[PDB]
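Undergrad: In the first instance, please consider these chains from the complex; the rest will follow:
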Amino acid sequence: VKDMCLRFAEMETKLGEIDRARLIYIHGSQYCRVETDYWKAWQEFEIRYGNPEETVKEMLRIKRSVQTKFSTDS
């Protein structure tokens, strides 16, 4: 799903909208080791279009929650 989500978010950024782009990034971070394809583009959009104090804490929180979900069963 992230395969189309990334292109659609790029198109959304090209149009001039940022909120729904990050919204679909968190939406796609919900479908699902060696899964760097998620985080590489996720953090790339974070660096290119993200504020230091406004947004980083919550989405790094979500990253930690996803990793804990993965680590719960092993």
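TA: On my side now, so go ahead. Numbers count the residues shown, from 1 in each chain, chains lettered A, B, ... in the order given.
Undergrad: make it CA atoms for all contacts and neighbour counts henceforth
TA: Will do.
Undergrad: how about the helices of chain A, start to end?
TA: Remark: helices assigned in chain A by DSSP state H are A:2-15, A:19-28, A:36-48, A:56-72.
Undergrad: What is the distance between the first one and the centre of its chain?
TA: Okay, so that is helix A:2-15. Distance, stretch centre to chain centre, for helix A:2-15: 12 Å (CA atoms, centre = their mean, to the nearest Å).
Undergrad: angle of it against helix A:36-48?
TA: 10 degrees (axes from the mean of the first three to the mean of the last three CA atoms, to 10 degrees).
Undergrad: list the buried ones in helix A:2-15?
TA: Buried residues in helix A:2-15, counted by 16 or more other CA atoms under 10 Å: A:2, A:6, A:9, A:10, A:12, A:13.
Undergrad: Put this one in as chain B:
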Amino acid sequence: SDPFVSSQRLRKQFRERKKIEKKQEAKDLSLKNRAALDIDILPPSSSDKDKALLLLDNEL
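TA: With chain B now in place:
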């Protein structure tokens, strides 16, 4: 001694703490509706803050 003065002290202590707690859960549940999230959201803690600037330092 006081079934009313002491009651307010328990009510005060509870009441202001639930306000900050309801603040977080209202904030986090609003984000999951606009994202169709299905997982529990844990408190930010100091660990995320320590990692946040560490992540942020390499960004800039």
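Undergrad: Contact partners for the residue of chain A found nearest chain B?
TA: Across chain A, the shortest distance to chain B (CA to the nearest CA) belongs to residue A:27, at 4.9 Å. Applying CA atoms under 8 Å, 6 or more residues apart in numbering or on different chains, we find residue A:27 in contact with B:35, B:36, B:37.
Undergrad: Of these, just say which sits nearest to chain A.
TA: Minimum distance to chain A across the contacts of residue A:27 is 4.9 Å, recorded for residue B:35 (CA to the nearest CA).
Undergrad: What is the burial count for that closest one?
TA: 19 (other CA atoms under 10 Å in any protein chain shown).
Undergrad: do the same with residue A:69
TA: 13.
Undergrad: add chain C to the structure above, sequence below:
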Amino acid sequence: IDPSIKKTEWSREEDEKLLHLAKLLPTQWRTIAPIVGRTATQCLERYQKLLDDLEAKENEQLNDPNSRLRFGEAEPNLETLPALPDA
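TA: Now chain C, sitting on the chains shown earlier:
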């Protein structure tokens, strides 16, 4: 003993319900218990624990258990205690 009793930790909603009821009906725990959902002894012990906890958190920054202090500790009711582990 009966399975209807909720021995789990106190949720926050039932805790505020207990606070509100204990304000509304002073004493009268046998009628507060059905509305809260726990047993009367559980409600009384939880209320006492909340008052003692508030006093403990009050001491850091600064009710008269002195009246309760002038005598010994409360003798636990035999039927409400957890069963002794078997040897």
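Undergrad: Check the neighbour count of residue B:35 one more time with chain C there.
TA: 19.
Undergrad: How about chain C: which residue is closest to chain B?
TA: residue C:63 (5.3 Å).
Undergrad: Show me which residues of chain B sit near chain C.
TA: Counting by CA under 8 Å from any CA of the partner chain, the positions of chain B adjacent to chain C are B:1, B:2, B:3, B:4, B:6, B:7, B:9, B:10, B:11, B:13, B:14.
Undergrad: Counting neighbours, which of those residues comes out on top?
TA: Neighbour-wise, these (other CA under 10 Å) top out at residue B:10, 19 neighbours.
Undergrad: Any part of the helix or strand that that residue is a member of near chain A?
TA: Assigned by DSSP states H and E, residue B:10 falls within helix B:5-33. No - applying CA under 8 Å from any CA, one finds helix B:5-33 separated from chain A by no less than 8.6 Å.
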